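Enquirer: Please find the sequence and an experimentally derived structure below.
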Amino acid sequence: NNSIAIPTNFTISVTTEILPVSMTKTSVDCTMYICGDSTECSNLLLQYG
Amino acid sequence: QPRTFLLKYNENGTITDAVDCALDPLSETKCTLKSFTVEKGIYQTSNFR
């Protein structure tokens, strides 16, 4: 309680943060992935809501 | 021709309006959104093949 450390020198330093904001705007068409131009499939696909 | 329409029924059960979902991109947005009202902007509505 009777001794204090006081700065005698300092450094002004710059650090770097890499902080993601966004990602790649993908899209997959579900019908295409599953059935493509398959007729029976495209129709049955509906029955799954 | 056996085309897809968005049908809107009134209280009686009579169709009072409809969108021909194969007519023009704007009509396609309305059938995608299930509304005869769209907001100002851009919508993804289909992936053509």
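Expert: That came in fine, so what should we check first? Residues are numbered from 1 along each chain as shown, chains lettered A, B, ... in the order given.

Enquirer: How about whichever residue of chain A sits closest to chain B, nearest residue that isn't a chain neighbour?
Expert: Taking Cβ to the nearest Cβ as the measure, chain A has residue A:29 as its residue closest to chain B, at 4.0 Å. (C-beta placed from N, C-alpha, C; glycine too.) Leaving aside its sequence neighbours, residue A:29 sits nearest to residue B:47 (Cβ to Cβ, 6 or more residues apart in numbering or on different chains; 4.0 Å).

Enquirer: what's the one you found in contact with, if anything?
Expert: Counting by Cβ atoms under 8 Å, 6 or more residues apart in numbering or on different chains, residue B:47 touches A:27, A:29, A:32.

Enquirer: Which element, helix or strand, includes it?
Expert: Counting by DSSP states H and E, no helix or strand carries residue B:47.

Enquirer: so how far is residue B:23 from it?
Expert: Here residue B:47 is placed at a distance of 19 Å from residue B:23 (Cβ to Cβ, to the nearest Å).

Enquirer: for residue B:29, same thing?
Expert: Applying Cβ to Cβ to residue B:29 and residue B:23 gives a distance of 11 Å.

Enquirer: Compare these two (neighbour count), which wins?
Expert: For residue B:29 and residue B:23, the more surrounded residue by other Cβ atoms under 10 Å in any protein chain shown is residue B:29, and the numbers stand at 19 against 13.

Enquirer: Surely that one is in contact with residue B:42?
Expert: No. Using Cβ atoms under 8 Å, residue B:29 is not in contact with residue B:42; the gap is 9.5 Å.

Enquirer: in chain B, which spans are helices?
Expert: Counting by DSSP state H, chain B has helices at residues B:25-33.

Enquirer: got the residues of it near chain A?
Expert: B:44, B:47, B:49 (Cβ under 8 Å from any Cβ of the partner chain).

Enquirer: Let me have those residues in CSV, extended by distance to residue A:45.
Expert: Below are the residues of chain B next to chain A laid out as CSV (distance: Cβ to Cβ, whole Å):
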residue, distance to residue A:45
B:44, 19
B:47, 15
B:49, 15
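
Enquirer: Could you give me the buried positions within stretch B:30-47?
Expert: B:30, B:31, B:45 (16 or more other Cβ atoms under 10 Å in any protein chain shown).
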